[PDB]
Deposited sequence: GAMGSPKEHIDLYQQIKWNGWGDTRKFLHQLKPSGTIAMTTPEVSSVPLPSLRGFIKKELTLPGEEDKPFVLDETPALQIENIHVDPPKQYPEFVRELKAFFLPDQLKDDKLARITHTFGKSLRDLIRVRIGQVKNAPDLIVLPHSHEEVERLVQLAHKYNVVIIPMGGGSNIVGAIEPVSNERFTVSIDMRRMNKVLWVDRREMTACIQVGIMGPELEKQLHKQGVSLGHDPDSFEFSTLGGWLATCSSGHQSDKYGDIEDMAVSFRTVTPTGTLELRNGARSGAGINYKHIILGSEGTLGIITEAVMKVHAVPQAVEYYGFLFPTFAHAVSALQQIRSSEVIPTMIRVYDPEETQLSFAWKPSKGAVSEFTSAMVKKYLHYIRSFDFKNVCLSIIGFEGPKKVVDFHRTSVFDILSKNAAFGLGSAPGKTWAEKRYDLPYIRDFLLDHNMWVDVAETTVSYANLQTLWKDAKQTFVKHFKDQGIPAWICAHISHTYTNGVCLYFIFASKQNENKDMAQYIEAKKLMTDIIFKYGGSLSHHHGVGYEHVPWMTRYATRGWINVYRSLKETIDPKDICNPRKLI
């Protein structure tokens, strides 16, 4: 048995066996996976050279684990004694690696910090429970002994939600990832009871064996957990079809310092909404009953090009107005489109790349935008939705790139965080900001933000690059996501300044960022459920 904390990079993203790297001396950037070694991505180096400039990649390696200092764990003999009376020794970890991997999430600041060995407060112990009943025991003991507890799923959050902040008390990281089994599937009710430490791909694999699927698909799907999705109410990119995570949740069990809270599968409070989004501050979710659907009979994904971001946006608007909507859509601006096409290492993909070439002779590639559009469901439904959406696309100057079998279209976003580790290894950095903005303000915010970010650095003699995509649309606007990148300097101050620039410009267009009588309400809930404040204290 290998634990997931040993399988996922402790100072980067995702599988330890998968990574980008520079082949020397050609300089060709390649991608290695467990299934294939060193596949050349010949267009990628040219892209990085063009954008962020005899081209040399300056190496800025991460510190080796042996060279990182962490203070000794605190001691609490009488509490640890009690743990060891119920838990097996392989369930308790306090080695350097276990401590580091249960300190940090996956934000830029997290990675910068671990990569230079800056480890302020690590947890004193990692516990890996195997069942709901074990969780109940651990939480009861933490409450008795006044021990801070922080539950962890994939540790993929980018908001510091798992960072230990309570150096006065013994603190325990509860790694939920050994609780990773689908307990049952009810094919009449179309529901499934799932242990919430399960990772995304494992969940969809186990469900598929019983002919069903959940369909919750954040961009972190590969390395995040059901329990994390519930505790953060994370967005999914098939939500336009399958619902939001809170709609998918039928019920779940929450272990709290004052007892276990059960939910049932009209008037009164709908109590699940107290725990959904609570980020471990109100107890630990152990098992959830989730609404599932049959594996669809048709799954069809297509690419399209538009001449401008404006055209793509108009198509987005009219699709939503039609009330006949795809399962998934994403629109990439020209910068992200170019990146997508330089992400090329298959018979169907090169055919698409030929179609892009043809298009950009007439339509300037500086302005051309890629859109990926997917449909899932019964054949009759897919056919009606596809024909509706294609009609609207044709009316908005869309150019079909055709299709390939599968969904590897929609799975390209999963690889992005791997490129982030490659930039950080070669004197570069990349961060993100996401906003909701109305249609009236979108195109000015998009153009202004991009122009402002680049010029800020250009004025200082420093290259910088920014792209954006649209993942979701609402009645009168969109969710717009910026990805922006530049060279490292010779402090944390440069990433804080760039974010400030972006945050300011986004506010300038009433883009969304993030007497309150609800504060007293939350304080009531917290003081009642967790009177000793042991559950992920001091978190926003």
Going by C-alpha coordinates, which parts of the deposited sequence are missing from this model? 1 to 8, 62 to 68, 281 to 284, 365 to 369, 515 to 516, 541 to 557, 584
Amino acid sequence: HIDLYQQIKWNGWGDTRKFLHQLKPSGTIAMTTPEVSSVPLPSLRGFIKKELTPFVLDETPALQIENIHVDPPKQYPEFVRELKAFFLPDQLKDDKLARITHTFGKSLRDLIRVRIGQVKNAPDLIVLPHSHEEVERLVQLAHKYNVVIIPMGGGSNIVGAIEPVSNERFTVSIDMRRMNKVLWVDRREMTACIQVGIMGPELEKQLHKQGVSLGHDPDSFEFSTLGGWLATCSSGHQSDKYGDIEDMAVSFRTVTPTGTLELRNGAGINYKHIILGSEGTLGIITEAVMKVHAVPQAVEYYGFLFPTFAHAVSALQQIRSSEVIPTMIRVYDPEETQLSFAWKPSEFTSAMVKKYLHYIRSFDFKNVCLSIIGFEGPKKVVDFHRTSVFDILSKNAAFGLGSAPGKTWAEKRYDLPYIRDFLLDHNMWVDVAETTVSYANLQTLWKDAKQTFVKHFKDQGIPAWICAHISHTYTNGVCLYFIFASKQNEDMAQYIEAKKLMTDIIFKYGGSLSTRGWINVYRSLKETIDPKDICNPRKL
From here on, numbers count along this sequence of modelled residues.
Averaging C-alpha B-factors over each stretch, which comes out higher, 223 to 231 or 456 to 464? 456 to 464
Which has the higher mean CA temperature factor in the PDB entry, 198 to 206 or 157 to 165? 157 to 165
Which of these, 278, 260, 286, 403, has its C-alpha atom at the highest B-factor, as the entry lists it? 403
Using only the C-alpha B-factors in the record, can you name which of 130, 293, 386, 361 has the highest? 361
If you rank every modelled residue in this chain by C-alpha B factor, which third holds residue 29: lowest, middle or highest? lowest
Residue 448 - which third its CA temperature factor falls in, relative to the rest of the chain: middle
Should residue 521 be placed in the lowest, middle or highest third of its chain by the C-alpha B factor in the entry? middle
Assert third(CA B-factor, residue 47) within chain per record equals lowest
Using the temperature factors of the C-alpha atoms in this entry, rank residue 351 within its chain: lowest, middle or highest third. highest
